[PDB]
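Summary of structural features
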Protein chains: 2
Amino acid sequence: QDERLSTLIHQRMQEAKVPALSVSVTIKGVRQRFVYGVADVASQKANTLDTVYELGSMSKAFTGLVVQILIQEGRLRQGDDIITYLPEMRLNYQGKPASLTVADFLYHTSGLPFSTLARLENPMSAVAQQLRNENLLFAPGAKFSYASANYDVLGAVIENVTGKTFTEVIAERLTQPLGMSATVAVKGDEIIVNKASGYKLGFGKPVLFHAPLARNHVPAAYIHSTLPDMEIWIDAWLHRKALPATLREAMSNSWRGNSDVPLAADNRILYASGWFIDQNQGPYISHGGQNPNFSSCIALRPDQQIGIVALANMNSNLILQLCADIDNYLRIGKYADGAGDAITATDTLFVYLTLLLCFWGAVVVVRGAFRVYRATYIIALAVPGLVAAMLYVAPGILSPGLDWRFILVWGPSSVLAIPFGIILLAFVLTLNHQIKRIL
Amino acid sequence: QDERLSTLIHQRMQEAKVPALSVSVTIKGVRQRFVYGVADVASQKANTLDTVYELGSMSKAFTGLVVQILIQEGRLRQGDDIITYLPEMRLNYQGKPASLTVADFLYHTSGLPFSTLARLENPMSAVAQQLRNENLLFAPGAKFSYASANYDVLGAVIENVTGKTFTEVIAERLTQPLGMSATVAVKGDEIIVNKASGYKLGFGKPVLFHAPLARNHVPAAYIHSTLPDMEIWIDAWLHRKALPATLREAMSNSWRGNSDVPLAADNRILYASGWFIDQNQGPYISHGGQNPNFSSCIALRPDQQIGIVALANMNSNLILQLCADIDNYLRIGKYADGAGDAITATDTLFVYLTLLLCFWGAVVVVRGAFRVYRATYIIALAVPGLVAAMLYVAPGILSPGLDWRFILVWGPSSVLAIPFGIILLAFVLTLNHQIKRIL
């Protein structure tokens, strides 16, 4: 290890307050490992190379590579209309049915809206039923939008074109040919040996969090792997002498950036079949994924054969910039200050605001007691009856299809205290107002 | 003109609601012009090629080129300590004096905090006095932060090293050798023939806005130019065959991206001496600038000898990316949907909220009048006395050195109505509460 790099790792881990962090750094054959923390705080399970982490959205790299393999063998083509493989699919743009090529989903130019993540994330029907009659945000091929639901359609395409369940396709095409020992696409809700227990921030400290793994979302997330397996993954991507010819050509095509999309002035990030492609001081080929209880980012710089990977036990934006920070250290020897984590900021904001609301409630209760001393129902509870519905419908008004389920799952666990905090404050305040009117 | 491109221009103009828009598009020698709108709504002054616009932050390209010319002649070096040219300068990091090279200011690695724009934007002494004992946000050379005030220090460096006022240095070095007919760096507040009157959004429509041009801020903004002048400017950055050798080599060095700064995962935008450098489908070399009452963004793609130059009569984020939309059209023939302009969004939000506050005030006044009809001072005005100070100090609490002057200058003119709206609402509400207590 480089002591400075290990200090970087520990600093980022402590600032993100994640229970465990696993980082591997490859430099043109030379490798370094950074395996730290506890895979489970509830039993102080020491974190180790053998523990399994959820890859999050990096799963899309595996799905993209599988689709590129299928394309190389000629079983599937980029220009194929999706109806050829998902006849049940119907998608609307301005109320008009829209034909989408497999390439449109492959490069996130399908126009599916981000709120679709909430509906496919539902454990619950194939992808067609969960996307039946969905209304697109934009025309196919006219824009780039990282709607995470896109690669589930690619999962259905893989399943139908190949005639097997996604897990078997993964095992046959990627895990076994690459010699990977533990990487697996779960068959939905499943138990795996020595999996690190997922954690999510709540009230300033990690909270053990687990939710069912939607069967239909695995082709875009929830692929499980170990750090040694991801080292083999990085090695397979960086250098390819031993690989089969079909696999090598599929990887070569996998990095072809989708140039035919409008690009904003300050972003110009190209997206290949799974990988962000950035030409600035690169090619800096990378992705990044935060699951509700896991986060992971991988970065490849093949021109210098540098490969980074950060698998973490908890969702936090800091371990999505962690691979960029490590690459910056390797390139320069300097790294930026830790970015303000959105999850941490939101959790601290809710701590402050719910504590303030409870203090407000205590103050109003004290004033009510004082007025009762100075003096010595359904009508009041109606106000909570309205506030409950108002808050229940509010997220759906702000965004279409945004269920409170999504907010509870993705946001910090303290988010729930805001609805109940507001409802309790309204309860006590309205009741005391009615009492004062009676008094 | 390409009719589709002209439609793009008109669409962006109408959505941004700018009084006037001037765009020139050069394609490997072939050129197109788009001169539209009125340079002044107060007199319907038809916008024309001869009208002068403020270049905003694309001025930094001129100052950067001047510094690079001085560097080529050997009068100045990148590694020179700033104290050599500004002995009056003192800057602190964690309370410790910090030595800054001229390169630090040239590539925005100085650590000055963006709020120094408010102090230098103040008409108000040299740059040293206005930056005397300033506290840096980060160590020199350790980070990239687009503190717009950086190039004013470079203006002082130019003046001291060259021994002339900045305007004369510009005229001698850039305007005259390049044959530019009207581009001039103003000597502070100055009157120029056929300048387009500045405009800023207010209550949903443009408002004629003019503020003094701080003399000390000219080396980083407020340089004036015409569209033919910017066409010559583009033809000088490209097609360098006819230029002097020293000027050619200065331009060659001017695009040298500062690689020694940490780069975020999703940005990786390199900054040369005035120009953002992007390798994605490029080199895409471009700056972009919004003044309080002007906006303009230039974009070059030398490998294909393309370059847009959009100058505008009004500040709006859309025309700060209309030289990226045009590149997208040229490259692909497709362009993205108009981004939500921050100025437009803020102005509409303040329209809604101040109208709601006035409606609230009317309702409370109506209830007070009813209670007066239901009935047949300094004590109440004290509440406004507190609210006034609370709102006055509030921006300074949120950010260091953020004067209400800055908010009024940069924000839409409706922003002032929020202080007064809140103060009037508190006035009427507290007065009616006191009256009810008396009643």
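- As documented in the archive entry, the model was determined using cryo-EM at 3.73 Å resolution.

Quick notes on the overall build of chain A
- Regarding its fold elements, chain A presents 14 helices and 17 strands.
- Its C-alpha atoms give chain A a radius of gyration of 25 Å, within 12% of the compact-globule value 22 Å for 439 residues.
- Dimensions of chain A along its principal axes, counting C-alpha atoms only, are 90 × 60 × 45 Å.

Here we look at the state of the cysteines
All names here are of chain A.
- Within this structure, the stated rule accounts for two disulfides over all chains.
- Here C297 engages in a disulfide with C323; their sulfurs sit 2.0 Å apart. Here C323 lies in helix α10 (residues 322–331) and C297 lies in strand β16 (residues 295–301), a separation of 26 residues in the sequence. The residues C297 and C323 share a single accessibility class, namely buried.

Let's talk about the packing of aromatic side chains
- Enumeration over the complete set of coordinates arrives at 20 aromatic pairs over all chains.
- An angle of 10 degrees between the planes, with centres 3.8 Å apart, marks the rings of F62 of chain A and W233 of chain A as stacked. Each member of the pair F62 of chain A and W233 of chain A is classed as buried.
- Between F406 of chain B and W410 of chain B the ring centres are 5.7 Å apart and the planes differ by 15 degrees, which places this aromatic pair in the stacked class. Separated by four residues within a single helix, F406 of chain B and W410 of chain B lie in helix α13 (residues 404–410), roughly one turn from each other.
- Clustering of aromatic rings is evident, with ring pairs tying together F62, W233, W237, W255 and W275 of chain A.
- The side chain of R240 of chain A reaches across the aromatic face of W255 of chain A, ending 4.6 Å from its centre.

Examining the side chain of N315 of chain A
Residues and elements named next belong to chain A.
- Within the secondary structure, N315 is located in the loop between β17 (306–312) and α10.
- Within polar-contact distance, the side chain of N315 engages the backbone oxygen of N291 at 3.4 Å.
- Beyond its immediate sequence surroundings of up to four residues, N315 is in contact with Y199, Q290, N291, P292, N293, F294, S295 and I343.

Some points on the interface of chain A and chain B
- In this complex, chain A contributes 26 residues to the contact, which on the side of chain B involves 28 residues.
- Summing the contributions of chain A and of chain B, the shared interface buries around 2,700 Å²; its carbon and sulfur component is 50%.
- The interface formed by chain A and chain B includes four salt bridges.
- Among the ionic pairs, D260 of chain A bridges to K334 of chain B, the shortest N-O distance being 3.1 Å.
- Between chain A and chain B we count 15 residue pairs in polar contact in total.
- Among the elements of the structure, β13 (276–278) and α10 of chain A are those that each provide at least two residues to the side of chain A that touches chain B.
- Of the residues forming the side of chain A that touches chain B, the biggest block, four residues, is contributed by α10 of chain A.

Topic: the sheet that holds strand β5 (residues 91–93) of chain A
Residues and elements named next belong to chain A.
- The three strands are arranged β6-β5-β7 in an open sheet whose pairing can be described as mixed. Looking at the sheet topology across the chains shown, the edges are occupied by β6 (96–97) and β7 (134–135).
- With two bridges connecting them, β5 and β6 associate as antiparallel partners. Along β6, the bridge assignment pairs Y93 with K96.

Some words on the relation of the copies chain A and chain B
- Laying chain A over chain B is done by rotating through 180 degrees and shifting 0.0 Å along the axis; what remains is an RMSD of 0.2 Å. The operation mapping one copy onto its partner corresponds to a two-fold rotation axis. Distance from the rotation axis, computed per C-alpha, reaches its smallest value in chain A at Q279 of chain A: 2.7 Å.
- By residue overlap, the copies meet face to face through one surface: 100% of the interface positions of chain A are interface positions in chain B.

Let's talk about helix α9 (residues 245–254) of chain A
Residues and elements named next belong to chain A.
- For α9, the set of buried residues is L247, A250, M251 and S254. Viewed end-on, α9 has its buried residues packed into an arc of 100 degrees, placing them on one side of the element.
- Its buried side turned inward, α9 meets α2 (59–72) and α8 (227–238).

Brief notes about helix α10 (residues 322–332) of chain B
All names here are of chain B.
- With eight of its eleven residues buried, α10 lies for the most part within the structure.
- Regarding α10, the residues found buried are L322, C323, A324, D325, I326, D327, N328 and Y329.
- Positive phi appears at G333, one or two residues downstream of α10, with a value of about 80 degrees.

Some words on the side chain of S414 of chain B
Residues and elements named next belong to chain B.
- Tracing the sequence through the fold places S414 in the loop between α13 and α14 (417–438).
- Of the residues examined, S414 reaches a relative accessible area of 0% and is grouped as buried.
- Setting aside anything within four residues of it in sequence, one finds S414 in contact with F203, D347 and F350.

Let's talk about the pairing of strand β1 (residues 20–27) of chain A
Residues and elements named next belong to chain A.
- With eight of eight residues buried, β1 is to be regarded as a mostly interior element.
- Side chains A20, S22, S24 and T26 of β1 all project onto a buried face; the interleaved residues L21, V23, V25 and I27 project onto the opposite face, where all are buried too.
- Pairing between β1 and strand β2 (residues 30–40): eight bridges, direction antiparallel. From the neighbouring strand, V25 faces β2, where its bridge partner is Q32.
- In this structure, the hairpin formed by β1 and β2 is closed by a connection of two residues, where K28 is found at a positive phi of approximately 45 degrees.
- With seven bridges connecting them, β1 and β17 associate as antiparallel partners. Within β17, the position partnered with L21 by the bridge is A312.

Section: a nonpolar patch on the surface
- A surface patch of nonpolar side chains, about 320 Å² in accessible area, is lined by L381, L424, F427 and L431 of chain A.
- Residue classification places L431 of chain A among the partly exposed residues on the basis of a relative accessible area of 33%.

Describing the sheet that holds strand β6 (residues 96–97) of chain B
All names here are of chain B.
- Ordered in space as β6-β5-β7, the three strands form an open sheet in which the pairing is mixed. For this open sheet the edge positions go to β6 and β7 (134–135), each flanked by a neighbour on one side alone.
- Summarising the sheet, strand β5 (residues 91–93) and β7 pair through two bridges and their orientation is parallel. Its bridge partner lying in β7, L91 is registered against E134.

Parameters at a glance
Per chain, the count goes from 1 following the written sequence and can depart from the entry's numbering; residues without coordinates do not appear at all. Here every chain gets a letter starting at A, and every ligand a number starting at 1, in the order they are written. Only hydrogens and water are set aside; all other atoms, that is, all heavy atoms of the structure, feed into the side-chain values. Residues with missing side-chain atoms are left out of burial classes, side-chain pairs and their counts. Numbering of helices and strands starts at the N terminus; helices are DSSP runs of H or I of at least 4 residues and strands are runs of E of at least 2. All radius of gyration figures rest on C-alpha atoms, and the globule criterion is 2.2 Å times the number of residues raised to 0.38. Here, two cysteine sulfur atoms that lie within 2.5 Å of each other are counted as a disulfide. Each residue is assigned to one of three classes by its accessible area relative to the maximum for its type, calculated with a 1.4 Å probe on protein chains only: buried under 20%, partly exposed between the two thresholds, exposed over 50%. Pairing of aromatic rings covers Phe, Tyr and the six-membered ring of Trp, with a centre-to-centre limit of 6.5 Å; geometry is then stacked below 30 degrees between planes, edge-to-face above 60, and tilted otherwise. Comment: the charge-over-ring label is applied if NZ (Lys) or CZ (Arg) is within 6 Å of the ring centre and within 35 degrees of the ring normal. For the purposes of these results, a polar contact is taken to be a pair of N or O atoms within 3.5 Å, where, inside protein, one atom must be able to donate a hydrogen and its partner to accept one; residues adjacent in sequence count only when each atom of the pair is a side-chain atom. Here a residue-residue contact requires only that any non-hydrogen atoms of the pair lie within 4.5 Å. Buried area, as used here, totals the accessible surface that two parts lose on assembly, with accessibility defined by a 1.4 Å probe and the loss added over both. For this analysis, a salt bridge means a side-chain nitrogen from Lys or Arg found within 4 Å of a carboxyl oxygen belonging to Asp or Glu. Here a strand pair is declared whenever DSSP counts at least two bridges between the two strands. Here the copies are laid over each other by least squares on the C-alpha atoms. Directions pointing from the helix axis toward each C-beta atom define the arc. Patch membership is restricted to residues that have no salt bridge and whose relative accessible area is over 30%. Joining uses 9 Å for like charges and 5 Å for the nonpolar side chains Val, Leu, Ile, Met, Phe, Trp and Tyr. All accessible-area figures derive from a Shrake-Rupley calculation using a 1.4 Å probe, and residue coverage is judged against the displayed protein chains alone.

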